[PDB]
């Protein structure tokens, strides 16, 4: 082969070279000792990794059997819980405790604000995300539907002053609401000056300062005609840029050019569900971008530097110019042929990611080319997705411990952001947090995966409600509150993030600004956004809502019961007309085809995908988990027939084809369906859905993408 032999391992040359030539230099880790470490960590932890996966299977088979042996229609909750407890699904709740995680940066312990997630394989998107710490509110408002495109205010190819004035007014109101003047409104400001370390705002008839002078954080330029004024509210910065000579500032009563918001406080660079990586070449592309980010030298145009300000008293200071970076590794399930053992068996990808993303993150703890890019406190921040229960969390912590030894890092350098996105984690959440009590930096409700797991776990119980109905079911509302309750009780306030899920509708920003405010109102110190634009707009919510106060008020409250968590989303009798069935079938077949065709044919794992009604959605692979499981569930219980499925797939394929008309590399699925690997992948996900472990889509998706790549090689 072309592989490199290290003990029992056979490592793809492209990976071996990348690590030796690019990742290792500058870390002071002995290369041979690194590789011996890899061989040993893989040998030592692989058995437990497999035992945990087998345990998921044993539990699911027992639950499957429990539903099948019973006829009683209304589920008996006392019996169901007793059962789950007996088999070891539902574990006892540990005594109260406080997390001890230390050496964590302020962006995580203290600051409440948006968290942006992007595919690590797209260098330009990663770079924009890293730079998304600051973003223009005017661009965010003018460019989206937050300012309605009513008659007269529609966007054209050139600047619409009517629309621009609405942008300015929206922003002035935000200022009054966030950093109130002692008297009057920012709407009537004519200028800004700094006198005796105090901000002075000129009104037409008078002058005034801030109602709370402490919100004045600094300025740039001369105190008597500053070029910008820096404010702070709820720990987040706001910067008013002053330039009468700008095309917007010329129209403005105070010569204001823009309002800049501190937006994406943190960013998660994603190796999991938003990317498609199925071999050594794909992993290396990902690792190389992550390396470029940590070394500060990624260029696709470059990483931003820190921002210089004058303090109110007159001294100099600096604020970070970049989003603090997490990396999301893959979870415990999949293997990847980047490394195989002597028998030819692939190595667990989660173990590999911990070794390589962790090695690479060392560069972010030291000076670039510039000061160090990432954690000044010395932490490496890893998001670990798709864990099922406390023993899997413990396994991840032990993995991190062993990697830390290989890398010569102090124990607990590698912190864990826990995804609460599987049912067995949800109902044992307190124990999961406890298992990582000295490493945990967040918990986050990954509601898409969680919905997928909800369907698969109770697959045998009966037909589930429609996909759109899931977001409002009792189980999910309880799941969201239970998550917050568990974090706060474990002492997360002031120590770790309590996070909520992704807003997926990229073009519906008026809707986002209107509804996503629910999340910090529910005590979430962060929530996910898919773009820098959405980060800037979501930042508005944290100025409107005092998350610290909200969390304080929620303390000690127990707002969800175990019974509510366990309420299966079974459809009621006679729930749907025949037309409603068909629309749901088409909805899910279109969602599957729309996502799968980009994944299999182009190796794209997140993008703006039009849904059946042409709404642009940007969802990771979990959306595929939901739709394929729901259709498998309906097929399993006689709601629809295999002919209904095939008919819908055949109906939706040409539509998806049309939706991709603006794409040079696209190739249509219709009408030669059986010649399209993507179409066959979509079909396989549905018809084999019930048989996939926990409904996971990766085994089929990865195989099909590999098949596609191999065909393209001929």
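Numbering follows the first chain given and starts at 1.
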Can you check if residue 663 is missing its coordinates in at least one third of the other PDB entries compared, counting only those that model the residues either side of it? yes
I'd like to know whether residue 371, which is modelled here, goes unmodelled in a third or more of the other compared entries that cover its flanking residues. yes
According to the entry, how many residues of the deposited sequence fall between residue 369 and residue 370 and are not modelled? Options: none, 1 to 3, 4 to 9, 10 or more. 1 to 3
Please say, as none, 1 to 3, 4 to 9, or 10 or more, how many residues of the deposited sequence are without coordinates in the interval between residue 300 and residue 301. 10 or more
Do the CA atoms of 125-133 or those of 95-103 have the higher mean B-factor in the entry? 95-103
Which has the higher mean CA temperature factor in the PDB entry, 355-363 or 156-164? 156-164
Among 316, 335, 588, 473, highest Cα B-factor in the entry goes to 316
Peak C-alpha temperature factor (PDB record), options 535, 490, 79, 597: 79
Residue 196 by Cα B-factor - lowest, middle or highest third of the modelled chain: highest
Is the Cα B-factor recorded for residue 682 in the lowest, middle or highest third of its chain? lowest
Ranked by Cα temperature factor within the chain, is residue 6 in the lowest third, the middle third or the highest third? middle
Of the three thirds of the chain ranked by Cα temperature factor, residue 689 occupies the lowest
Residue 479 by Cα B-factor - lowest, middle or highest third of the modelled chain: lowest
